[PDB]
Each structure stands twice: as C-alpha cells, then as structure tokens.
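Student: After the structure tokens below, expect a handful of questions from me.
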DNA sequence: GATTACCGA
DNA sequence: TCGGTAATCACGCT
Ligand SMILES: [Mg+2]
Ligand SMILES: [Zn+2]
Ligand SMILES: [Zn+2]
C-alpha cells in the first residue's frame, strides 16, 4: 500500500510507457486517499499503457501541409477587436494580423520594439529605488528638454529654456549640469541664470550655422546608460516591471540592477546574435503563442514547433519567401512555381545542374506518385492462391 | 431562389411546405414566410420589427403609414392605433400548430414585411460537365458555362489533398481526368523522337 | 512574348500545369435538410444523370 | 501487428483492382455488389493474402 | 557576471565523444553532412571548445514531452 | 436663437437615392443599411413602360408588383411609387422543423 | 416617338449600347497644397498645372539640409531653387529677396 | 559553368531557333478572319529587318 | 399589371371589388370605411387592395404586333 | 455616381473613410462591397453643381 | 456539417467531383469520410457539432418544469431514430396526470456506463453548486433518488447513462469545446458517435418546433422607472466631461509623464465614456428577466451576446475610429452644427439614443463614420492573409514522418527527430497534453467499483 | 503607390 | 551612413 508497493508497480510496466508519464501517474495515484488496494492498481496502469499506445502518430503522415493550413486559417477570421484596451504600460505594439507577418518574415527593422525588463532581489520591492533604475535605463538628451530654440542678438548665441519640471518628479539631477564637462571640447563653467554659458572663441568654421551644431554635441549628449527610449513601470506579482521601448541588448544586460536571466524581448534578430540560435527558437515559439491567446482563438503548439524548428535549419534564421526557404536548396522546378522571377532563377541553374526527383511539387507536375501519404508503403504477395 | 428584405436579411428558400401544415392564428391568418427567430436579436435590425407593426396598423386603418427618416411616424403612436383596432400592443397572437393542433404555449409574433426577389436565381448556376470541348493550345477544358467548361482546382485545392495523404486520388484527379499524351523519347540524347 | 507566356500570375506553372481544369464535376447552390445522416449528401437528379 | 490507416487503404485498393481483372473471389456472393464493396467484406474476415513490408 | 547559460531561454549543451559519433550514425542510418549546422559564431557554441566538424547535443525542454534531444553540427 | 447664421431645409435628404428606400433607417445598425442600399439595385421589378419594344441583352419582368406599405415621403417624389419592385408578404417569426 | 416620360436622360447611344460617362473626381487644378511631413524626408509642397492638355507635378521640396529642391518632369535630376530662379528671369539678389 | 552542357560562347546567339506552329496557334475572329498570334506577329517583323 | 384574381394567402376573389373601391376613393371618402362596407374582414385580404399599381394603361398603348 | 481615380487594390485607410465635408453632398451609406469599398460614391439628393 | 465548410445558406456555391478508378475510390472511402473528422487538428476540440437550434432546443428539454405528456414522449422517440421496445416507463410524477419528466427522455441516448460531471455557462449561483460537489467527491456512488433531488440547473451530472442533474447548453455540443461529444469519441469508437449526433439533432429540433420560440418587439422593452435610472448615468458622465474640459483650459492639466496634454486628455475622457456605457449595460441586464426568448439565446449561446441586447434598450456607447475619437471634418469642428473649438461629449462622436428611441441626425452621421471602418477591414485584411498562406504552404509541403519517427526533408537532412517532441498526434491529444491519467483513474475505478 | 531589402560609392 | 533599382499585392464567376 505504501511507497515501495506503488512505485515498483509502474517500474515493471514502464518499458512501453514514457518518462514524463511515470512521475505524473504516481503523484496523482498517491494523492487519492479512500484508497484502492491491488487489482485496480494493476488495472489502471494496464489501461494507461493502452491509451498511450492508441494515440501515437501513424507513420507516413503529411505533417508539413497541416502545419501551414492550421496557422493560415485563424488569420482570415481576424476581424476587429477591442482596440481600446484598458492598459497604460504596454503601448502600441501592433496587435493582430500585422504582427504575424513581422514574425514570419525576418525583417531586421521591426516597428515598435518593446523589451520587457525584469528586476533582481535588491530592486524588487523598493518603490523609489526601482525608479532610479528606470532612470538609469532611459537616458535623455538636451533637445527633448525644450520646445524650440530662440536665437540671441549678437554673440551669446544660445540659451536653455522651457521647461524645468522634468527634474522634480523624475529627478534628472541638476548636479549633472556640473558633470557636462565629461570628455567635451571647451566646457566653460558659468551658471548665472541657471544655464551654462559656453563661449566659442574661434572663427570661420562656425560663423552663424546654428543648425549644424544641433547635430553635433547638443544632440550627442547621453545622460544615462542604455541609450534607448522611454520607460514605464507597472506593479505585477509584487515585482516592479520596466516595460521600456527599443532594443539595445548587450548594453541593457550590463546595467546594475536588471535581473539578466529573465528579460524577454519583442525582437528576433538580436536574440539570435546575442543569446544564440536555440534561444531564438524559443523567441519565435513564445511570441506566436502570445498573439493567438490575446485574440481569443487557439492553435496547438505542435504546429508552431514545426515552423520554428525548420526556420533555424541552417544556423542563421531565414525568411519564408523568395529569399529564404524556397530560395534555398531544393529541386530547380520547386523554385519555378514560387517566386515568379524565372529569368533570374531558372536561367541561373541552367549552368551545371542536375535535377533528380523526390519533391512533392515535381511528381505532381510530371505525373508520378508523391512520396508522402499512401505512396510510402511497399507490398509483397506469394502465389499458390488456392481459393477454397 | 435568393430573397432579401431592404434591411439586410438575405436568404434562400429552405423548403416549400404545404398550406395544410402551417402554424396558423386565432383568425383567418396563415403565414407565408416563417422567418428564423435566431437572426433578429443578433444583427440589430429593430427597423424590421417596427415595420412589422407598421404593416398591421396601416392595413387595418386604411392609410399608408409614413415612415421617412427623422420626421416620420413615431414609435409609440403606432402601438396605440393597433391597440384600439382590436389587437395586442406588441403583435403577439395565439397560434395553433397545423400538424397536431394545440396552442403552442407562446405568443407568436406576426406582421407585414415588404420583401423583394433577387436575380441570383438557381437556374443560371447549375451546370454539369462529363467531357466537353477543350482548349486548342493545351487540350484542357474551357471556361464558363457558355463555352462548356468545368472547374479549375488552384494551388489551394492541390494542397488540401496532400494534407490527407491521398496520393492515388491526386494522380487520378489531376492527370487521368485531363490530357494524357504518349511520347516517344530517345535514350542517350534525351530529346524527343520523331515519328514518320 | 515568351517570358510572359511562361509567367505572369496566370502563366504556365500555376495557370495550366500545377492547377488544371478537370472533368466530372458540377457546381450549384446549397440548402439545408436535417433528415439525412451526418455523412450523406443530396444530389439533384439532373446532375446525377450527367455524371 | 495492427495495420495503420495508410496501409489499410492501400491493401483494399490493390485487392479491389485485382478482383476486377479476374482473380476468383472467396465467399463473397450475394445478389450484386460493386468491385469496391467486395474487398470490404473480405478484409473483415481476415482472409487477405496481401501483406505489407515494414522497412526497419 | 552572467553567461549564456543559467537562462530560461538557452538549454544546456555538451560536446560529444569520439565513439558516440559512429554510434549515433548507426542508430539513425544517416550521413554526417545531414545534420542542422550551428555556425561557428553565435555565442552558444563559442564558449565550449568549438571545433568545426563535430556534433553537439542540446537537451531542450518542451511542455508536452519533458526532455528532448536535438543534434546539430558546427560549420565555419 | 440670435446666434445662428443659416437654417436647414428638411434634413431627411442627407442620404442618396437608393438609401432613401429603407424605412426607419435610424433604428438599424450601420452595416445592415449598407447591405440594404446595395440590394435595391438588384431586385427584380417592372422599371419602365417600354420593355416590350426594346432590345437589351437580358431583361426581367415581375408579374404582380406592389407599391410598398410604410415608406419615405421621398419615394413618392422620384417616381418609385409608380414603377415599383417587390411584394408585400405576411411574415411570422418562429423556429420551424429545422 | 417610342419612349417613356419617366426616362431621365444623360447617356449616349454610341454604337447601339447606351453608354454613360461617370464623373471622375479631380484634385482641384491650378490650386496649391501644403503636403505632410516625415514619410521619407522633410516637408514638400506638390502641385498640378495644366492648360490645353499636358499636366505635370511641379514640386518645391526640401530635405534635411536646406536645399529647397524644385522638380521638373523631363530629365528629372532634381535642381536647386537658386540655380533656376537666378537663371530664369531675375539676376539681382535683392530682387529674389523682395 | 560545365564543359559539356554549358559552353560560354554558346550564350551569344548566332542561330535563333523558331518555335513550332503548334505552340503558336491561329485564332479565327468572326468566321474567316484570322487573328495572328503575338509570337507570330513579332517573328514576321524579325525576318524583314534581317 | 391588372389586379390578382385571388389573394396571395387567403383564397378569396378580389377583382370584382377593386374598380368599385377606387371610384369611391376619388370622391374624398376615407378608405377605412369603404373597405369595411364591402366584404373585407381580415387584413390579409386587405393588404392587396390597398397597395397596387394598375400599370396596364401605360404598356398597352406602346404596341407590338 | 462619382468615381475616384486611384488604385483598386492597395489599402487607402485615409482615403476610404467618411469625412465631414460629405454632409449634404455625398451619400453616407451607398458603397458597393468588393475591392472598392469606398472608392466609388454617390451624390446626395439635395445638391447643386 | 457546417463549421468545417464555414458556409451559410445565403446563396453560396459548393462543387462536387466524382473519383473514378478503383484505387482512387477505395482510398476516398476509408481515409476521407466525415465521421473520421469529428475533431480538428488545430485544438483537439470537436468541430462537426451542434449549432443554433441544437443548443437552444436542448435548454427547453432539460429545464426544471419540462414535463411532457404521454403522447408527446411516444411521438418524439419515433422521430429521433431510436428503436426501443415498450419501455417509456415508469411515469415518474403522476401528481397531476401520468406523465414523464424531461431528464429521462434525454437519458435514453447515452451509453450505459458514462460518468461525467462538469459545470456550464448558466451558473448564476456558485454557492449552490458547492454542496452538490462536496457530497459527490466523498461518497462516489450515492443513491440516485434521495440525495440527488437536491440538484441545481447548472451542474451536469450523469452516471450509468442516466442524467440525474443538469441542463444542456453549449457545453455539450458546439463549434468550440463541448465535453460531452468530446468524451464519446475517445471512449466508444467513432461509429457510435455518428449516431449519437444523428439522434440528438432530430430529438432536439422536435421540442423547439412544438413549443414555440418567437421573439417579438416587447423583448427589448423597459418600464418607465428603469429608463430614468439610465438618464442619471448619462447626465453626470456628461458633467464629468464638461468639468474635464475646464481643467485643461485654465491650466489644471494634471499630466501623465509619458504622454502630451492632448493625449492625456483623450485618455481620461474615453475611460469615463467607456465605463458609462458598461454601467448602463448592467442596469438593463439586471432588470429584464431570463424568461423571454431573447436572453435564452444569449446565456446559452447561439447567435448572441449580452452586449447587443443592451445596445438595443440603452446607449450605443461612443463611436470611435482606430482608437481616436471622430475628428476629421472642417477647420476645428466635425459637423457644421457645432461651435468650433469644442471637446464636449455630445459634440465629438458620442451617441446617446438607442436602436429603439430613434437617432437624431448628428448621431446617425456619426454612426456611418464608425460603420465604414468595419467594412474596409474585411476586404483589406483578406488579401494580406491570403498571400501569407501561399508563402507557408509552398515552403513546408515537403515534410513527412518516417517509420522510425523522424521528420526529413527531400535531401535527407533531418529536420526534427522523433516527430513533435515525441510523439503523439495533436489531432488525438487532449488539450495539448498526453495520456490523461486523471480521467483514466476516475473512469476505470468507477466501472470496477460500481459493477 | 506602398512596403521592404539587396546592391552600389 | 547612403542611395539606388526591381519584384511582390485572396477564391470563384459574368
Ligand atoms: Mg455565403
Ligand atoms: Zn538520341
Ligand atoms: Zn390575405
């Protein structure tokens, strides 16, 4: 009845059953305490082996076609949703059908990057200390602490202006005004009316072209780490999260306070270059899952793990059309009915190229039975054949 | 034969049940179009239900009720003109079923709605083709019913059969019920031969 | 010319080779009946005498 | 040794084509039957001669 | 301070031995070139002792099987 | 008041000519009216008096057309209550045998 | 004469099939427009202009250095403003100012 | 390139092949007027410039 | 398109009681009492007198031999 | 009818809308469905050109 | 069979094509018949299942108070296929007359050793389910007479092919998950479950035919004092908008750090308007009872929501366009009936009359603006999804499964070992998972212990 | 006419 | 950085 008695009844039966299954079956069987004793214990295990043996896949299946159809059906019923979501932190992340094209087609650029930032054990519960970490991530120049630029009369040429209230609620630290001299060119120190007068005692190179200085040092200021966009803080699960904007990975992971082991991303090519290919496996898988569940309608994750484990097939992730997997290695007729380009592509493989067989698009094109499905079985039969 | 209202309740004749099996009412009324009740509180077409009272009011009174936008006949004044002419204020009436004959324990709604027939009639759609005249250039069937041609199976329809696993059907459908040609081919050159 | 006969979204890979027109078909409208089983279908007797 | 769903639909397909080209039938008679329906009755009693090859 | 490992995205790798290459080759009746090829970049392989022309095993996890192996190669 | 600068005519004529066929078009939803004004251009109906002496590629004729009950006062002043299209059924709303 | 009085007219009988011109909606000729910002570059100001036939875009663009381009149709090669404006009819810099 | 299947000097067309008649059909318009095929119409104009 | 000689739901003749009906509404008399004065009881008989077009006049004169 | 010379297929999310100037000149509802859906539009019933 | 085809009956077109050769015809019959496709490979749940009348007929059969007389029981068992001998027995409540109950006419279709218990959509009182659940879990087999007549109408409980307590709605059929057609294809073959769905369908449409299911105009009607409850919500929500314009105009901005003053203003305003429409939706929903035939169609679920039945005797909410409120128009004023420089609720796209109490002409033209945004996104989005499917099929149509469990491309490069994290077909897995120990334990024990 | 991305100084 | 060019954009039916 006790521990030894049960565990070794599964151990004997084990060889057709699975490893995961074993742990599962025991931990529920033990739990039930109005207990059943011996004969129905053997009846349950000999029934669990029959359902697992009943539900294995038939050899010869056509996996790759029913993966592309069950991911392309739910995007046609993608009608309007509640675009007036009631959140604040996550902002403008292009929900719907235009996300699914951006994850399938590689597209180095992607619009609206939002990288989720999680925090460690020392910036977890402290409210205002978590704020200065988000201060350290954000970073601000001088151009966004203004509204426009007004010229002087003769020689002062510049002034700092409206407004100053970004330094009493976030705390952008008027001591940093002193700090400005860091590796700069001239760096005069004079604060009369709260703005630092910088004199330029030289000649013809800068005469009156104020507009080109707006691309130099006036814009090159980097007041804070991780030179990326704005940061929003939300309260979830007794940790503060910092839902930032943009994507600057190897700088962001080297920040004093971000927990490095858990920061998920809405980008594809950077998680492949930094964390490796098999991490970008899990970036593609976890992102198409999160789009489907938010829109109500579900797809099973056998279909997602066939596309993702085929799109990282050659060590660098590929796109899906006309430059990726169809444009990669195949028969030369397989590339003919996709990417109607053929004087680029069909006359290129005119030079030194054979073409055997063994696609699915060729044997249908030439008149042969395809290899998948029922063209996979091989028969044999003897011949006395008495009727009786 | 596709019918429709002017509110957007399109549909097709389901069947054509005789007059004897009709759920009829505690008067001489036998309905014509037994509309599905699962379509009115799903599409938000309340103007259907206001017009149904407006047909019953403006047939018993004598004068065709004005129903123009924004200045027409109001809602509440109709339901009093029906209520003093001899009927319940909301259309509902006592109805007896015609198969067995007992009052259905509900009060079935009934009115007068103006429908209109559409020209998506069925005798301009049905065609069958066993083996007809073919294309001159490819020897494949033609296009359209006026030139006696069948359907065309795009790249969607080729892939929905490979998903099953049908490889025998995929040969017989695409090439055996199509053009087949026998060709003499050389061995060591690869080019086609020439009969004479 | 030749490159537009081979190609052009209705050329001779999708237009005529890998998607072809077939024989022994029909096409008409649909209309319910809940009295036949789940895996049967009605067929008109005009289409039934030409297939 | 149970057949799959792809092997069961090929053994019937080859046996229904032999049963049309000669190949005398087992006890399958009654009263009129299309050559496809003769192969379905023979597979139920387990007297199919045709066996599969399982590459392994 | 961190590495590429100890992360909820990266599964743990290990470099095979010399006798396991032929043992894996007879289990699946394949040819050595028919395996899906990590590049010599992309830090998952570079912190191990990456030699081009070798098989490296990953032990990744799926929420519907448990643990599941998936073999790869190293190309320049 | 003493604030305005003009004064409207009847405002029941914002909409077009086949969208002025739908009675009470402020009670329905918005996509239901668009389908309704897209099917008055497809109904059958006796439209002109010279369908007999005419050669057009295909024509239609409906034997017993009827002037509708409750409608706009606009469709009296275009001519639609003189060449109409469609009849007046007497419907009922109940779920029949399937 | 073989007609009906309710026929409104407004259609030719070119070749035996009654054909009607459907009014194409222009974009206000000989006007000028102040086009939007940040599609690929900074602000542009496009226009159309035609008389007795040929129409053409004649835009006065600018990108992020203060060039003030002018666009010509034939041989496109976008030309700076002060090249053409000096070479056309005015020589004095004071006249370009005023 | 490949020395038996793709010589580079064969890329310059010294002899242009003519496609057959069965690939260039002659469509009849009303009852006796024949619309010349688009490939046929350009090949006629090639020979007059040669 | 002359008046239908039956109704469309209730089988009852109507074409004898249309041209007597309309010649007593072009005097100004209300139709609510004229249709009641004749033999019209329900409102399924009555929706097809009260809405009709009498279009036979226009088409007839156009002629085809 | 009043048609509009543009491309029939590519989306024009700001040129297929319904603008405040259409009040009393263009009908708000009549628009045929298909690829057009807002490139052919009808004049109102009280206007003058 | 009309959620696989995704069809309706407003004049569509379906094409058949006969297969001919004797190899391609015996392949069509074994591999492609309908009953093999009762569950779907995208999510496991059943796809070929009940629709509009099949759900809402099944609620009228299993209500408490559905007592059929002797002629109506005997007539419907002949119409729904089944073949039983002279056992409609035993006239369970002879209190008025000798007539049966509604549960036991449904308990002739089930096989003889089912045991299932679950809670469905109609549960309005969660406390009175608790009592039933607690007793069941401790005393595995009580007696079906005594204790089980403490039942509810939202806790389905069947044992031994006998529905003791429940009410059938869209959790036993349906285009999405119904776990009473689901548990009959994994336990009792397939060919049994084609005649469960063939006898349910004809039994259920019978009772919805001879009981009446009209829905007239009075189903949307509210008495006078309930209407005045709505108007105090619309007045003060407009007063909060008129106050929030004055806070922005005199410099009482109260800004958010991220957004600009115009974008903070629009945020706060829309939230007030949104909440106002849901608060008035709860007033109407609380009031009109669940006894007319317009909320029966909405609770159970067959072409309805509980939004568009309170969008018919209440507000119609705001009327937005891709997240912005209506702003396109003249120079600072949408229609020329409003004084310019105005950000009020009534003046910037917000209707306040029902689909019963008439829309005034600013509200109707505001309503066409929001309606054309819905029709453009049908024809735009369809062409991008159609081309996105052609990319993925034509790149992925090569992959098979070998006999030793390996997915391989045409060149012999192994793509995925031991197909799909080995190895169970998602068409026959349960909700992503594998062998389902939990259900097995309860099922196997019950039959053995029960005997 | 709009998105990209590959190619070219 | 930085400018340049092609090549791509549902299903069926009249
Ligand atoms: Mg349809
Ligand atoms: Zn030869
Ligand atoms: Zn009548």
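The backbone N, Cα and C atoms fix where each Cβ goes, and this holds for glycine too.
Sharing the feature lines straight out of Swiss-Prot:
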BINDING   I:7, I:10, I:44, I:45  Zn(2+) binding site
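Tell me about the surroundings of these features in the structure.
Tutor: According to its DSSP assignment, residue I:45 (Zn(2+) binding site) is coil.
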Student: Taking the Cβ of residue I:10 (Zn(2+) binding site) as centre, how many other Cβ atoms lie within 10 Å?
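Tutor: Other Cβ atoms found within 10 Å: 18.
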Student: Test of understanding: give the count of other CB atoms lying within 10 angstroms of the CB of residue I:7 (Zn(2+) binding site).
Tutor: 17
Student: Who sits close to residue I:45 (Zn(2+) binding site): which same-chain residues at least 6 apart have their Cβ under 8 Å from its Cβ?
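Tutor: Once residues fewer than 6 apart are set aside, residue I:45 (Zn(2+) binding site) is near I:7, I:10, I:12, I:14.
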Student: Near the Cβ of residue I:44 (Zn(2+) binding site), how many other Cβ atoms are there if near means within 10 Å?
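Tutor: The answer is 22 other Cβ atoms.
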Student: Check residue I:10 (Zn(2+) binding site) against DSSP and tell me helix, strand or coil, would you?
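Tutor: It is coil.
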